[PDB]
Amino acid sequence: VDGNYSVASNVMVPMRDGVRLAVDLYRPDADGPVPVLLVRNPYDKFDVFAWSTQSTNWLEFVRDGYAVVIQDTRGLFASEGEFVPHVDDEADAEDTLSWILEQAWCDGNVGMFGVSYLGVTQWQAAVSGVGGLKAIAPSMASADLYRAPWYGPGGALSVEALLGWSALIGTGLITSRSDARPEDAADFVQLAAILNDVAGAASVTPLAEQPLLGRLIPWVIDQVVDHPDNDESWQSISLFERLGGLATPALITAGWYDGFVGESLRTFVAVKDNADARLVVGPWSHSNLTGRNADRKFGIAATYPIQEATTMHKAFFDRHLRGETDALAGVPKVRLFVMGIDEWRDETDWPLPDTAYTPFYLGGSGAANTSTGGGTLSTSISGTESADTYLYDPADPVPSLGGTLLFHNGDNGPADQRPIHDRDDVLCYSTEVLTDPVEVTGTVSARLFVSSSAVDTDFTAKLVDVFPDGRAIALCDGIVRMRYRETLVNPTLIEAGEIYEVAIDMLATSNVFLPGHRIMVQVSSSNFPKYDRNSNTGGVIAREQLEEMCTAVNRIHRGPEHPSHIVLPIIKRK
């Protein structure tokens, strides 16, 4: 009967080492084999409502004749083995895909879909060389775990992401084990305390001493905190350099305030030339898909459009798993939620063709410290040679407000920045009030001429849309940890007092700055706990006590010989 299906729970699938992973099979009433979709989940395959609202109404797929397999990853819930993030997922995906392809009910065409870890695992599957995998759909994901979510392109630890997620998994690991232990109740309370106060958890020094999390999930220290360089341990689990050799269609979803946005977009660029890639980007953060935020509403159209996503995914899988050649007729290659105008818009590529990568130079009379300083932004190079100076004290970092926070206040991406505008270590540069709209849609970066009293420090840059009523709404931001200014792999220290030209990768955005608005940039040396705080010593940061850390006098140089600027991806549409 068309539209009917069955569900078989805890089918045990043997991996190459004999360890069995548990899957649930959602199989249509059909007269032969069918195309199959696989989801690999570390958050309990039974708990479909927890993630599915951030993905698709995928029971539609089953009603329409796809089978869906949802698997508990190794060592969690109904699966056997031991859980360690990332390290087993390439092999376990390969073995699971192979098993699916052998089954009586599989017609030789397999795809995947899902969000976050259920997205990362798709890239890990895609590099398997299993020919039967015909398409993937990774949402809010990455193919380079160093670059997102654990560190970043600037070489700072994403400490709130790490501690928050590890606490969440710790809840899952305890729930997963054989029998209830006497210490479980107390552990549950302590994990809740982390999740209620992630900045507090991230503030304890040395950062690497994590009695609870290090016991429940040793990986948090053994892999993540202990490997600050993008070294061989990270390379082993990175998929990114293999993506260029694939020819697998990928339906990639991202969010402008999502921790993964830079890496999600990079995956699109990596695969678009060799296969049918699609891109959808909304104004979401990882835990807030609503389009509504404390000081910024994007409209109901911005709410994660789950039924349209379901329709698009089905069309995509119909094309690539069922060979229906016209199934993607009328579906755009790229679909972006353009903020400011707050509208969805179709595009033919990402980056947009006809992006003008335009320098906006830092300038102004007098000090740019605070929002009431003299800092300006202009497409003209600054005429006078100036410098703005501030003290960065690791004991008092600039607090994270919105942006791409994951677990610490991760539900307010477009946050009003006014609460930090009176800080002397927040340098502000803005355009005059705009008389005509300026669209910035693309990857964003800064090139700053900087110096420090320290042998290492950080520099941050954050793009902001200043509204007529004074709201200073965050758009995108990044950081550079100076030891990693030239390479994430082979860091070197800097010379105190020397001027360096450094790049800051500020991920990406899509925003029309409307008439009456200003374009604004904040520059500082911290953004905590989005990123851990540089100790300004040149030491092993995660092993330092707060008292061992140093203050730094940091300086931004601007003028004709030191033309510090932000590069904005300008789109002009007449």
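Residue numbers here begin at 1 and follow the sequence given.
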task = For the higher mean C-alpha B factor in the entry, choose 58-66 or 28-36.
result = 28-36
query = If you average the CA temperature factors over each stretch, which comes out higher, 138-146 or 273-281?
reply = 273-281
key: Candidate residues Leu546, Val521, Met506, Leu514, the one whose C-alpha B factor the record puts highest   = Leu546
remark   = The residue of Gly164, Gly119, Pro353, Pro414 with the maximal C-alpha B-factor according to the PDB record is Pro353
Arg418 - Cα temperature factor, lowest/middle/highest third of chain = middle
ask   = How does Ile566 rank on Cα B-factor within its chain, lowest, middle or highest third?
value = lowest
note = Of the three thirds of the chain ranked by Cα temperature factor, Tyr361 occupies the middle
request  = Grab the CA temperature factor for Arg177 from the record and place it in the lowest, middle or highest third of its chain.
outcome  = highest
task = Divide the modelled residues of the chain into thirds by Cα B-factor and specify which third, lowest, middle or highest, holds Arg322.
result = highest
